[PDB]
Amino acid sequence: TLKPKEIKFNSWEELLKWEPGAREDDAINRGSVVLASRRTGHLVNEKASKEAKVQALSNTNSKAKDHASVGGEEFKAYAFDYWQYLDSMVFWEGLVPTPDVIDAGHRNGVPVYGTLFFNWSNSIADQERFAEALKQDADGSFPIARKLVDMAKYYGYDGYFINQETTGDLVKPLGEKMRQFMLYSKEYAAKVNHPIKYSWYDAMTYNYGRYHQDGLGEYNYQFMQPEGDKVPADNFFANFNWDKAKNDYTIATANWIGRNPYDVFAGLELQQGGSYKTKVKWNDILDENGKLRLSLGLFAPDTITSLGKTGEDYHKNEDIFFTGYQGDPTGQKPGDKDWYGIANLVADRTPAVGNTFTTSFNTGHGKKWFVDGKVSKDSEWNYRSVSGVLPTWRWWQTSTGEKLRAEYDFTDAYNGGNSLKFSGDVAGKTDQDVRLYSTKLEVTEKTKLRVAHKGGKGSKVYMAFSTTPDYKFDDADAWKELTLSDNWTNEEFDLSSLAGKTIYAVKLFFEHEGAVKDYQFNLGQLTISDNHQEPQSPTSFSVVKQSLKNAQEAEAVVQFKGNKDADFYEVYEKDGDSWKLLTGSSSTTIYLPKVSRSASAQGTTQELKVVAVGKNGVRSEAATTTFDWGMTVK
């Protein structure tokens, strides 16, 4: 079988038999993107906290029977892009996160954890499964802990969330061994130079089996207890029935043991709640100033995909959840709403740091895949490995009058599945802006700006940069007017006049001199970089495996050698006289679910190509190979 699959073990015996590289889909299942660094920018909301954090517990993947661990030929997906408000993402459905989640999170500077779940049960089988995980070697080391760390290192993810719901007589005496399993793990992980973190569900008490405190208290503090300068659980997930007293108790307990209260994440039951419709006791967790006194644990936020019928709906509903009903991360919750947007309460972070930043607003899914403004893949996909960096703010807008609607555009894009679209009936003379990205980008004599865009008829449009951390746009050398036309254009601007300065934010600015019915402008790509070169072509490109369905459709896997300048790679087939994109991936091993030929295809072979897409947004030259069908079509 060629299709890569999620990694699951039926027993601890099977896990102990695990070895790096010993599975046929290992080359594909490894994460390929290193965890990016992030900056915390100037606060944009008066009620947001730099202390309060957010951890998502997400069922990230399709549950369809034969779904691939990389994604699939379907638009609808948990195409998460609100990384800027997350501390970490927990892959809820299994032990080993998939490469599409790992790569997406890491590009955005968010660590990704697997889940170690012990069944809500007191069956002897389950208590034994639990005891067995804590088996020690002669030395007191934990062989299961080693395999967990070895896998985190090999597949390239950042640790585990432990949900220990198993209870009973065999479970009760194992509090210290559970605690030492976590401490041991982290010692071993530091020794293999791949440190991990643990997060811990409020379930198993130290001495009394399963009992949720809905908080940190007298029965579970041991799992957070400092051991010299180390700790067992890094993060604690409080059960959902917290209130004012329990939160007070949590804070008191954390403080007494010498832990930061913000390492406790108050659970929100978003599955039974219905995402942003969840009835949260905000009054119990916000202080007198309207500010979070604990961190927030999002249970099953992926639930939000079921609130709307389309992929477009997914993003619009995520907006309500993460930015809030007011629709601007600088604004306050509306008086007629109960839900606070995460941005209302928690500060954003940004991976746009260094000398180079690029994005084409790739959300990791699409109805089509565009290549420089032209349809290349004329059909639906989700391959979240290629998820890029979407706007920090959705949407921070000011206007002398009315505001354009900002949204994702899945009908037209420059590169990937979507652009950003700004549209509305402009009623009269107006100046307005859309502040898009928080950044920390160092400008040199070599720094250029590349912007791909379309439309804007009836306006002047500019891109402007703030060269101060407080996001002021007062620098005359930091404004570039765009040359507008009705088709996609990609323009380059010299930033050398800003050499020695740092860019902290990116905005668009719009001027309309009068009314404009049906106004529309699209932003399709944004790059700030001191490198304008094509990355090297991939080398050693071949079909390594194939499986034909018939003379016109096959699965394949391809492999090649890439380079450090590549962000991700695109694979295409030649369909008659037209190159058409198949898929993209951060990896150098790539599954092709459908290589296909038309009824009139000539010969017994077909050309494929792979292209590196640079960290600077520039494509390499293609590497090519020949897929051999072994047969003609007719």
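So that there is no doubt, residue numbering starts at 1 and follows the sequence shown.
Higher mean CA temperature factor between 132 to 140 and 392 to 400: 132 to 140, per the PDB entry.
Two stretches are in play, 104 to 112 and 184 to 192, and the higher mean C-alpha B-factor belongs to 184 to 192.
Ranking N260, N382, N289, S360 by the C-alpha B-factor listed in the PDB entry places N289 at the top. Residue set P351, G267, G308, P99: peak C-alpha B-factor at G308 (per PDB entry).
When the modelled residues of the chain are ordered by their C-alpha B factor, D302 lands in the highest third.
Compared with the other modelled residues of the chain, the Cα B-factor recorded for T483 ranks in the middle third. Sort the modelled residues of the chain by CA B factor and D81 lands in the lowest third.
Ranked by Cα temperature factor within the chain, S387 sits in the lowest third according to the deposited record. Sort the chain's modelled residues by C-alpha temperature factor and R293 lands in the middle third, per the entry.
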